[PDB]
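First up is the structure itself, then whatever we jot down about it.
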Amino acid sequence: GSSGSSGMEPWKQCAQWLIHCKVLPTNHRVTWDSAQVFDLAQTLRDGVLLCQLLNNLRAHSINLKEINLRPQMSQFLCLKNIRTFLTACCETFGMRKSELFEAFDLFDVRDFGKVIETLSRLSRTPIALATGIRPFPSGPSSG
C-alpha cells in the first residue's frame, strides 16, 4: 500500500546513528534516497547486524559465535539470531521486555517502525551515550 507521504521518517535519521555506531558503512545502500524502511529493515531482517550494534557499544554483549553470522537466508536460523539480540538487550544492558519488538515483526518486516523505537531507548543507556554518538531526542514532544 505505497501511498504518498509528506515529512521525514524516523528510519531516515536512524540510518545515521547506525553508521556512527560502527554497524553500517558511510556509503551503505540505506543511505541512498531511493532506499526505504524496507532496505534498512532487510539488512537486519537476518539479525546478524543487530547483535553487532550492541557488541559495538558494550564489550562482551553478544557472542558472535552464538549467532549464525551466515544464516544463508534461513528462517530457523534468522528467527533465532534476532531473539539473541533481544535477550542481550536485557542481559547485557537490562532494558524493558515490553518495549522490545516482536521477532516476527522484524523477520516478516511487518512493523519495522517498532524496531526503530527499540533503539531510540537503548541510546539512553550509559553505554550508548558514553561513545558520544548523536543520541535520540529526549522528551514527550513528538518530532
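A note on labels: chains of the C-alpha cells are A, B, ... as shown, every chain counts residues from 1, and ligands are counted from 1 in their shown order.
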
Any chance you could list, as a PyMOL selection string, the residues in chain A that come up helix (DSSP H, G or I) when DSSP is run on the backbone?
chain A and resi 10-20+37-45+48-57+75-93+103-109+113-122+128-131

Just want the 7 Å neighbourhood of segment 99-115 of chain A, counted on only C-alpha atoms, with same-chain residues fewer than 5 positions away dropped. Output as an MDAnalysis selection string.
chainID A and resid 41 45 79 82:83 86

Output N, CA and C atoms for every residue in that selection, as a JSON list (two decimals), in the first residue's frame.
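Contents of out_35.json, freshly written:
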```
[["chain", "number", "residue", "atom", "x", "y", "z"],
["A", 41, "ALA", "N", 15.40, -2.38, 6.83],
["A", 41, "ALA", "CA", 14.74, -3.43, 7.59],
["A", 41, "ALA", "C", 15.19, -4.81, 7.14],
["A", 45, "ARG", "N", 16.83, -7.85, 9.02],
["A", 45, "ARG", "CA", 15.87, -8.94, 8.95],
["A", 45, "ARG", "C", 16.52, -10.27, 9.36],
["A", 79, "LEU", "N", 15.29, -16.20, 12.70],
["A", 79, "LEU", "CA", 14.45, -16.01, 13.88],
["A", 79, "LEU", "C", 15.26, -16.18, 15.16],
["A", 82, "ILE", "N", 17.77, -13.00, 15.74],
["A", 82, "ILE", "CA", 17.00, -11.87, 16.24],
["A", 82, "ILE", "C", 16.77, -11.97, 17.74],
["A", 83, "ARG", "N", 16.25, -13.11, 18.17],
["A", 83, "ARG", "CA", 15.98, -13.34, 19.59],
["A", 83, "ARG", "C", 17.22, -13.06, 20.43],
["A", 86, "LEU", "N", 17.53, -9.56, 21.25],
["A", 86, "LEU", "CA", 16.51, -9.13, 22.19],
["A", 86, "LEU", "C", 16.89, -9.52, 23.62]]
```

Surrounding residues of residue 56 of chain A excluding itself and chain neighbours under 6 positions, 9 Å, only C-alpha atoms, as a ChimeraX atom specification:
/A:21-23

Residues of the last selection are to be written out with C-alpha atoms, as a compact mmCIF listing (two decimals), in the first residue's frame.
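part.txt, freshly written:
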```txt
# COMPACT_ATOMS: atom_id res chain seq x y z
CA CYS A 21 27.58 3.07 15.86
CA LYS A 22 30.02 1.20 13.63
CA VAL A 23 27.40 -1.12 12.14
```
